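Before any questions on how it binds or moves, here is one chain, the form deposited in one PDB entry, in structure tokens.
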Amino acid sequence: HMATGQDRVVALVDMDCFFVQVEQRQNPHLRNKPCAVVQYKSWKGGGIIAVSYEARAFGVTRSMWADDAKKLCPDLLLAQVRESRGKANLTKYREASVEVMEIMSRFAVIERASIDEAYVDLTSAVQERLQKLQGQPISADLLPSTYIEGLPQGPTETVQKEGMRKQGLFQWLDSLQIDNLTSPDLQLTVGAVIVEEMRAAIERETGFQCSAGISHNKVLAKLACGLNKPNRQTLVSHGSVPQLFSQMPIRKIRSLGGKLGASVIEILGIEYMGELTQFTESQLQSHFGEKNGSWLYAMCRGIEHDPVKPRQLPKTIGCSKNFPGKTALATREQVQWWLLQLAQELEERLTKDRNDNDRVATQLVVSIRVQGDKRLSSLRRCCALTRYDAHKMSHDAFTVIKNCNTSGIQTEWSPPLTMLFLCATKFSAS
């Protein structure tokens, strides 16, 4: 079924207001209330990085200053991200993420895509389940939180959302050919049943709720996941794609949210994903390149082949700190102190990684930014990471960046640094 891109069953599971749930689980007083997670509190009340659905009802969003959020939502409750060594420490959320990833890993191969989401390749699990209870009809009861995108439709409770969900689910299940084990639609349905079980396990064992998308590829699975958030899952069939894409803004598709998506819209003079079908593969390749052109040609038809990579661990482990405006580091001692702070956090995380995952990083990347520099990185350099020693890593990091200081004065450092980034990479087994 590869020709039509119906060869696999892929899901994307994403936690609902993740950081907030983590804080709510720990502090019961925050449950079922407009709440948000904030980083730092000194500048404009701190930056919001997560928002409960109750808070979103007031217009509160990520990236908003807490002071501004309070203007929209006076009774907004806030949880502060932990600070260690003068910077944000996200260990609590990383540990919570592990809880969830470990549960998902029981059901199938997963690809960690973020701190709060992972792709699941359910093709094999579906096949196994299909042979079990073969020929047995699938009850609506097995899909208590599933939406079938595009349904209900046609002539024939619906004014309310749950009623709408049920009607669509009934139409879908009624039309399913259960006797053909090879049917893509049947395979998606079975995948949805498994995902219901996965999400139940996650909630029962962690207390966290999540949403999911089930489809034939990662892009459609990700898109589907967001259609009925929170605490719901959505199945997007191959057949639902034409109508779904007909009014779907191009920027909403994974990897098209940036410049490429903007160029597709501007160069082609179109707004929705579906409009891409009128162009030949060659035409798209001419405008956007061989790889991008082929990808777009297939994608607008609901077809994509990016595999769910069997990777549950990060390929890099890093620490970074910004020093905006007048806080830019202007002294040798300051720069050295901050490098040590980052190096110490990095050392802790690395040591844990080595113990937990039987591997060691072999390269240390040092990135900095100087004030007045438009570029994200004024300098990027590497050196060998031979030992998990904060002092050595900090000293080595300083050695590689020290020549960027142009100040004659011994004490002073210029131009001022607005960012420091230490990253461990090139992991090897041990």
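The term rigid core refers to the maximal set of C-alpha atoms that superpose within 1.5 Å between the two forms. In case it trips you up, residue 1 is the first one in the sequence shown, and so on.
Chemist: With everything overlaid on the rigid core, name the stretch, 225-233 or 177-185, whose CA atoms wander farther on average in 8 other deposited structures of this protein.
Modeler: Evaluated in 8 other deposited structures of this protein, the stretch farther from the shown form is 177-185.
Chemist: Could you say which moves further from this form in 8 other deposited structures of this protein, stretch 128-136 or stretch 258-266, by root mean square CA distance after aligning on the core?
Modeler: Stretch with the higher C-alpha RMS distance in 8 other deposited structures of this protein: 128-136.
Chemist: Given the other compared entries that model the residues flanking it, would you say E348 is unmodelled in at least one third?
Modeler: Comparison shows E348 kept in all of the other entries.
Chemist: Determine, among the other compared PDB entries that model residues flanking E275, whether at least a third leave it unmodelled.
Modeler: That residue is present in all of the other compared entries.
Chemist: For the stretch from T156 to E157, please bin the deposited residues that the model skips: none, 1 to 3, 4 to 9, or 10 or more.
Modeler: In the record, 1 to 3 residues between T156 and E157 lack coordinates.
Chemist: Name the higher of the two by mean Cα B-factor in the PDB entry, 78-86 versus 349-357.
Modeler: Higher mean C-alpha B-factor in the PDB entry: 349-357.
Chemist: Mind pulling up the entry and telling me whether 160-168 or 89-97 has the higher mean Cα temperature factor?
Modeler: Stretch with the higher mean C-alpha B-factor: 160-168.
Chemist: Highest recorded C-alpha temperature factor, please, choosing from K229, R106, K218, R332.
Modeler: Highest CA B-factor of the listed options: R332.
Chemist: At the C-alpha atoms, which of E128, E275, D185, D121 reaches the highest B-factor in this entry?
Modeler: Answer for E128, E275, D185, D121: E128, with the highest C-alpha B-factor.
Chemist: Can you tell me whether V20 has a C-alpha B-factor in the lowest, middle or highest third compared with the other modelled residues of the same chain?
Modeler: Within its chain, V20 is a lowest-third residue by C-alpha B-factor, going by the deposited values.
Chemist: Quick check for you: using the entry's CA B-factors within this chain, is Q177 in the lowest, middle or highest third?
Modeler: Its C-alpha B-factor belongs to the highest third of this chain's values.
Chemist: According to the PDB entry, is the CA B factor of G302 in the bottom, middle or top third of its chain, that is, lowest, middle or highest?
Modeler: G302: CA B-factor falls in the lowest third of its chain.
Chemist: Compared with the other modelled residues in the chain, in which third is the CA B-factor of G45?
Modeler: As the PDB entry reports it, the C-alpha B-factor of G45 lands in the middle third of its chain.
Chemist: What third of the chain does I148 rank in for C-alpha temperature factor, lowest, middle or highest?
Modeler: Its C-alpha B-factor, which the entry lists for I148, ranks in the lowest third among residues of this chain.
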